[PDB]
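**Q** File follows, upload-v5.cif with mmCIF, C-alpha atoms:
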```
data_coords
#
loop_
_atom_site.label_atom_id
_atom_site.label_comp_id
_atom_site.auth_asym_id
_atom_site.auth_seq_id
_atom_site.Cartn_x
_atom_site.Cartn_y
_atom_site.Cartn_z
CA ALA A 1 51.38 104.08 135.22
CA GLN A 2 54.72 102.58 134.27
CA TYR A 3 53.38 101.44 130.95
CA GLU A 4 51.39 104.30 129.42
CA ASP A 5 49.51 104.54 126.15
CA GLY A 6 51.35 107.01 123.97
CA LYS A 7 54.69 106.25 125.62
CA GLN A 8 55.92 102.67 125.04
CA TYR A 9 53.00 101.92 122.75
CA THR A 10 50.08 103.51 120.94
CA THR A 11 46.53 102.23 120.68
CA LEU A 12 44.93 101.93 117.24
CA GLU A 13 41.83 104.10 117.15
CA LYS A 14 39.99 101.23 115.32
CA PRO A 15 40.92 97.60 116.17
CA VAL A 16 41.92 94.86 113.79
CA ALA A 17 39.79 91.81 114.50
CA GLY A 18 41.28 88.34 114.11
CA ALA A 19 44.83 89.68 113.87
CA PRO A 20 47.81 87.46 114.61
CA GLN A 21 48.74 87.83 118.26
CA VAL A 22 52.26 89.13 117.73
CA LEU A 23 52.73 90.74 114.31
CA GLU A 24 55.88 92.40 113.10
CA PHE A 25 56.50 94.26 109.79
CA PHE A 26 59.84 94.87 108.12
CA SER A 27 61.60 95.62 104.83
CA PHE A 28 65.03 94.37 103.84
CA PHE A 29 65.49 97.97 102.62
CA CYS A 30 64.76 99.30 106.09
CA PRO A 31 67.96 100.33 107.99
CA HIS A 32 66.47 100.07 111.51
CA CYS A 33 65.03 96.61 110.58
CA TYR A 34 68.60 95.62 109.78
CA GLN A 35 69.65 96.71 113.29
CA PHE A 36 66.48 95.05 114.76
CA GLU A 37 67.37 91.80 113.08
CA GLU A 38 71.17 91.58 113.08
CA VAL A 39 72.33 93.81 115.94
CA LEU A 40 69.42 93.63 118.43
CA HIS A 41 67.60 90.35 117.61
CA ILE A 42 64.37 91.95 118.63
CA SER A 43 62.15 89.18 117.27
CA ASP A 44 64.23 86.52 118.96
CA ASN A 45 64.23 88.25 122.32
CA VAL A 46 60.54 88.98 122.26
CA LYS A 47 59.88 85.29 121.58
CA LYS A 48 62.01 84.45 124.63
CA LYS A 49 59.69 86.45 126.92
CA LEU A 50 56.31 85.73 125.37
CA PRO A 51 54.05 83.25 127.15
CA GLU A 52 53.71 80.14 125.10
CA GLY A 53 50.46 79.61 123.25
CA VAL A 54 51.72 82.71 121.49
CA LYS A 55 52.41 82.56 117.77
CA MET A 56 54.73 85.10 116.25
CA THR A 57 54.23 86.45 112.72
CA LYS A 58 56.57 88.49 110.52
CA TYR A 59 55.64 90.16 107.20
CA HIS A 60 57.48 92.10 104.50
CA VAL A 61 56.30 95.39 102.98
CA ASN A 62 56.18 96.83 99.48
CA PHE A 63 56.43 100.60 100.13
CA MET A 64 60.23 100.56 100.22
CA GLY A 65 62.67 99.99 97.33
CA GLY A 66 60.06 100.18 94.58
CA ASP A 67 60.11 97.28 92.12
CA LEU A 68 62.64 95.33 94.15
CA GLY A 69 60.68 95.88 97.36
CA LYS A 70 57.76 94.00 95.81
CA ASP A 71 60.06 91.24 94.50
CA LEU A 72 61.30 91.00 98.06
CA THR A 73 57.84 90.57 99.47
CA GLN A 74 57.18 87.74 97.06
CA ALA A 75 60.52 86.25 98.04
CA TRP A 76 59.62 86.49 101.70
CA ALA A 77 56.38 84.63 100.89
CA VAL A 78 58.51 81.87 99.35
CA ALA A 79 60.56 81.81 102.57
CA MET A 80 57.45 81.36 104.69
CA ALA A 81 56.02 78.68 102.44
CA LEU A 82 59.22 76.65 102.30
CA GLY A 83 59.95 77.38 105.95
CA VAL A 84 63.36 78.92 105.33
CA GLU A 85 63.00 82.37 106.87
CA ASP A 86 65.82 81.48 109.19
CA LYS A 87 68.18 80.73 106.32
CA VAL A 88 67.57 83.69 104.03
CA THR A 89 66.90 86.54 106.42
CA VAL A 90 70.51 87.48 107.10
CA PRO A 91 71.88 87.07 103.54
CA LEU A 92 68.96 89.11 102.15
CA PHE A 93 69.62 92.07 104.47
CA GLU A 94 73.32 92.08 103.75
CA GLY A 95 72.73 91.78 99.97
CA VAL A 96 70.42 94.79 100.01
CA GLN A 97 72.14 96.88 102.69
CA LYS A 98 75.80 95.74 103.23
CA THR A 99 77.33 94.26 100.07
CA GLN A 100 74.86 95.76 97.56
CA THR A 101 74.65 92.72 95.36
CA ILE A 102 70.87 92.35 95.21
CA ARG A 103 69.61 94.43 92.30
CA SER A 104 67.17 92.05 90.63
CA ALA A 105 64.74 89.21 91.29
CA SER A 106 67.54 86.99 90.07
CA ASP A 107 69.95 88.11 92.78
CA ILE A 108 67.22 87.47 95.37
CA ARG A 109 66.97 83.95 93.98
CA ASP A 110 70.74 83.42 94.23
CA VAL A 111 70.56 83.94 97.99
CA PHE A 112 68.07 81.08 98.21
CA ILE A 113 70.18 78.89 95.91
CA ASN A 114 73.27 79.56 97.98
CA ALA A 115 71.23 78.85 101.12
CA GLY A 116 70.58 75.43 99.70
CA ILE A 117 67.07 75.69 98.36
CA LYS A 118 66.75 73.90 95.01
CA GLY A 119 66.20 75.83 91.79
CA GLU A 120 63.07 74.01 90.69
CA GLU A 121 61.89 74.22 94.28
CA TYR A 122 62.30 77.98 94.45
CA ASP A 123 60.89 78.71 90.99
CA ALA A 124 57.92 76.44 91.68
CA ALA A 125 57.03 78.19 94.94
CA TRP A 126 57.85 81.58 93.34
CA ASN A 127 55.03 80.95 90.89
CA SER A 128 52.64 79.01 93.10
CA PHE A 129 49.26 80.47 93.98
CA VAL A 130 50.08 79.51 97.58
CA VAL A 131 52.68 82.20 97.43
CA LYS A 132 50.20 84.50 95.68
CA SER A 133 47.87 84.43 98.70
CA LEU A 134 50.77 84.69 101.14
CA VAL A 135 51.82 87.86 99.35
CA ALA A 136 48.19 88.82 99.61
CA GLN A 137 48.07 88.23 103.39
CA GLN A 138 51.16 90.37 103.88
CA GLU A 139 49.67 93.24 102.00
CA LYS A 140 46.31 92.81 103.73
CA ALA A 141 47.75 92.82 107.25
CA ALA A 142 49.67 95.98 106.42
CA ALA A 143 46.59 97.55 104.85
CA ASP A 144 44.52 96.76 107.93
CA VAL A 145 46.67 99.06 110.09
CA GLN A 146 47.39 101.60 107.36
CA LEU A 147 51.08 101.02 107.98
CA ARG A 148 53.33 103.77 106.64
CA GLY A 149 56.57 102.95 108.38
CA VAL A 150 58.80 100.05 109.47
CA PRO A 151 60.02 98.44 111.73
CA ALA A 152 56.63 97.90 113.23
CA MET A 153 55.09 95.52 115.72
CA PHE A 154 51.44 95.11 116.67
CA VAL A 155 50.06 93.19 119.66
CA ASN A 156 46.72 91.44 118.83
CA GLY A 157 45.93 94.15 116.29
CA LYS A 158 45.21 96.64 119.01
CA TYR A 159 48.53 97.84 120.38
CA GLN A 160 51.49 99.17 118.44
CA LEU A 161 54.94 99.31 119.96
CA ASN A 162 56.40 102.78 120.18
CA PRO A 163 60.17 102.33 120.40
CA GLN A 164 61.10 106.03 120.23
CA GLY A 165 59.56 106.20 123.73
CA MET A 166 62.21 103.87 125.25
CA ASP A 167 65.87 104.51 126.17
CA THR A 168 68.53 103.81 123.52
CA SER A 169 71.53 104.48 125.71
CA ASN A 170 72.22 100.75 126.21
CA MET A 171 71.16 98.37 123.39
CA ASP A 172 70.58 95.35 125.66
CA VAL A 173 68.35 97.48 127.84
CA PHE A 174 66.28 98.79 124.92
CA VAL A 175 65.62 95.20 123.84
CA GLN A 176 64.62 94.04 127.31
CA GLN A 177 62.29 96.94 127.63
CA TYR A 178 60.88 96.38 124.16
CA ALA A 179 60.27 92.71 124.92
CA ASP A 180 58.82 93.31 128.37
CA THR A 181 56.51 95.87 126.78
CA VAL A 182 55.36 93.23 124.32
CA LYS A 183 54.81 90.82 127.18
CA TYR A 184 52.72 93.38 129.00
CA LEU A 185 50.60 94.17 125.92
CA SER A 186 50.25 90.45 125.30
CA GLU A 187 48.56 89.99 128.68
CA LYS A 188 46.46 93.11 128.53
#
```
Go through the file and emit its structure as structure tokens.

**A**
Amino acid sequence: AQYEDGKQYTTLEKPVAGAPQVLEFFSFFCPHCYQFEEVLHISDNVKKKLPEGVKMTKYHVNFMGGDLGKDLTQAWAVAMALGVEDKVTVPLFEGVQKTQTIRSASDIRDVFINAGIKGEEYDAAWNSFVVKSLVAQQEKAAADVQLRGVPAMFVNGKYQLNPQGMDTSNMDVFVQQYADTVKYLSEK
């Protein structure tokens, strides 16, 4: 075909029931995720081509950056709970990867404070059991596909995008292809 299992995607040999339709994994420690977010806007551009009635989910992972990586996953839970993903994503990446000013849970916090979230509001969420189970979801979803690398995207817990099987000559083209692939898997 034009879309072929093993080329623009892979099929999980044992399906994840009840998975979110579009599910993407990243790490703020992950260099390609940086590109995917700030240079390519993959998640944005996929959303632009998805049918509607499609919810898009994004989760953080623990297996990069040790003790910080976990702090970051908790922080990302906070972002989801307070609905501020859109205000912390970029400063978190640049603090980990560009400026190198995030070295502790406290520095993670600062990003949120500077992004206008209130101290007591952050600390409260940080410690809420709502965040505990949101951390738990993130780990569970990863566990359910025995995820060992990021960036990663899964369509209805049965297809996994395979980006290395797409051209990277022209960035804009890679994205389009990536998104169209997601659209195709969406409808499958």

**Q** Here's the selection I'm unsure about, the PyMOL selection byres ((chain A and resi 34-40) around 10); applied to the file above, which residues does it give, as a list in words?

**A**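 Selection result, ordered by chain and number: residues 26, 27, 28, 29, 30, 31, 32, 33, 41, 42, 43, 44, 45, 89, 90, 93, 94, 96, 97, 98, 151, 171, 172, 174 and 175 of chain A.
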
**Q** In Å, how far is it from atom CA of residue A:142 to atom CA of residue A:60?

**A**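 It comes out at 8.9 Å.
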
**Q** Can you report as lines of an AutoDock Vina configuration file the centre and edge lengths in Å, to one decimal, of an axis-aligned box around the listed atoms of stretch 15-18 of chain A padded with 3 Å on each side?

**A**
```
center_x = 40.9
center_y = 93.0
center_z = 115.0
size_x = 8.1
size_y = 15.3
size_z = 8.4
```

**Q** My list of candidates is A:99, A:133, A:177, A:114. Which is closest to residue A:77 when distances are computed with all atoms listed in the file?

**A**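 Using all atoms listed in the file, residue A:77 sits closest to A:133.
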
**Q** Could you list the residues chosen by the PyMOL selection byres ((chain A and resi 115) around 12) in this structure as a compact mmCIF listing (two decimals) with C-alpha atoms, keeping the file's coordinate frame?

**A**
```txt
# COMPACT_ATOMS: atom_id res chain seq x y z
CA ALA A 79 60.56 81.81 102.57
CA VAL A 84 63.36 78.92 105.33
CA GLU A 85 63.00 82.37 106.87
CA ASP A 86 65.82 81.48 109.19
CA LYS A 87 68.18 80.73 106.32
CA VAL A 88 67.57 83.69 104.03
CA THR A 89 66.90 86.54 106.42
CA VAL A 90 70.51 87.48 107.10
CA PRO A 91 71.88 87.07 103.54
CA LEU A 92 68.96 89.11 102.15
CA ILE A 108 67.22 87.47 95.37
CA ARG A 109 66.97 83.95 93.98
CA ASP A 110 70.74 83.42 94.23
CA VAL A 111 70.56 83.94 97.99
CA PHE A 112 68.07 81.08 98.21
CA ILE A 113 70.18 78.89 95.91
CA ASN A 114 73.27 79.56 97.98
CA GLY A 116 70.58 75.43 99.70
CA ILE A 117 67.07 75.69 98.36
CA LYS A 118 66.75 73.90 95.01
CA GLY A 119 66.20 75.83 91.79
CA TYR A 122 62.30 77.98 94.45
```

**Q** Go ahead and compute the interatomic distance for atom CA of residue A:9 and atom CA of residue A:159, in Å to one decimal.

**A**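 Answer for the atom CA of residue A:9 to atom CA of residue A:159 separation: 6.5 Å.
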
**Q** Starting from the incomplete input, reconstruct N, CA, C and O atoms of stretch 14-31 of chain A and report them as a CSV table (one decimal), keeping the file's coordinate frame.

**A**
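And here is the file that came out, selection_8.csv:
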```csv
chain,number,residue,atom,x,y,z
A,14,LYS,N,41.0,102.2,115.7
A,14,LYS,CA,40.0,101.2,115.3
A,14,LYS,C,40.6,99.9,115.0
A,14,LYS,O,41.5,99.8,114.1
A,15,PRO,N,40.4,98.9,115.9
A,15,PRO,CA,40.9,97.6,116.2
A,15,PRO,C,40.9,96.7,115.0
A,15,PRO,O,39.9,96.8,114.1
A,16,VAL,N,41.8,95.8,114.9
A,16,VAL,CA,41.9,94.9,113.8
A,16,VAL,C,41.5,93.5,114.4
A,16,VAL,O,42.3,92.9,115.1
A,17,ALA,N,40.3,93.1,114.1
A,17,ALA,CA,39.8,91.8,114.5
A,17,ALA,C,40.6,90.7,113.9
A,17,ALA,O,41.2,90.8,112.8
A,18,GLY,N,40.7,89.6,114.6
A,18,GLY,CA,41.3,88.3,114.1
A,18,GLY,C,42.7,88.4,113.7
A,18,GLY,O,43.2,87.6,112.9
A,19,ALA,N,43.4,89.5,114.2
A,19,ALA,CA,44.8,89.7,113.9
A,19,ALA,C,45.7,88.6,114.5
A,19,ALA,O,45.4,88.0,115.5
A,20,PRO,N,46.9,88.4,113.9
A,20,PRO,CA,47.8,87.5,114.6
A,20,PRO,C,48.2,88.1,115.9
A,20,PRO,O,48.2,89.3,116.0
A,21,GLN,N,48.5,87.3,116.9
A,21,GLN,CA,48.7,87.8,118.3
A,21,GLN,C,49.9,88.8,118.2
A,21,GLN,O,49.7,90.0,118.4
A,22,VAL,N,51.1,88.3,117.9
A,22,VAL,CA,52.3,89.1,117.7
A,22,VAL,C,52.6,89.3,116.2
A,22,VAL,O,52.9,88.3,115.6
A,23,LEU,N,52.5,90.5,115.7
A,23,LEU,CA,52.7,90.7,114.3
A,23,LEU,C,53.7,91.9,114.1
A,23,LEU,O,53.5,93.0,114.4
A,24,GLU,N,54.8,91.5,113.4
A,24,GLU,CA,55.9,92.4,113.1
A,24,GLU,C,56.0,92.6,111.6
A,24,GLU,O,56.0,91.7,110.8
A,25,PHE,N,56.2,93.9,111.2
A,25,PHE,CA,56.5,94.3,109.8
A,25,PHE,C,57.9,94.8,109.6
A,25,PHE,O,58.5,95.5,110.4
A,26,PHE,N,58.5,94.4,108.5
A,26,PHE,CA,59.8,94.9,108.1
A,26,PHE,C,60.0,95.0,106.6
A,26,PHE,O,59.1,94.7,105.8
A,27,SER,N,61.2,95.5,106.2
A,27,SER,CA,61.6,95.6,104.8
A,27,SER,C,63.1,95.4,104.8
A,27,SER,O,63.8,95.8,105.7
A,28,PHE,N,63.6,94.6,103.9
A,28,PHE,CA,65.0,94.4,103.8
A,28,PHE,C,65.7,95.7,103.5
A,28,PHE,O,66.9,95.7,103.6
A,29,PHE,N,65.0,96.6,103.0
A,29,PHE,CA,65.5,98.0,102.6
A,29,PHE,C,65.5,98.9,103.8
A,29,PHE,O,66.1,100.0,103.8
A,30,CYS,N,64.9,98.5,104.9
A,30,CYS,CA,64.8,99.3,106.1
A,30,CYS,C,66.0,99.2,107.0
A,30,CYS,O,66.3,98.1,107.6
A,31,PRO,N,66.7,100.3,107.2
A,31,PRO,CA,68.0,100.3,108.0
A,31,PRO,C,67.7,100.0,109.5
A,31,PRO,O,68.5,99.2,110.0
```
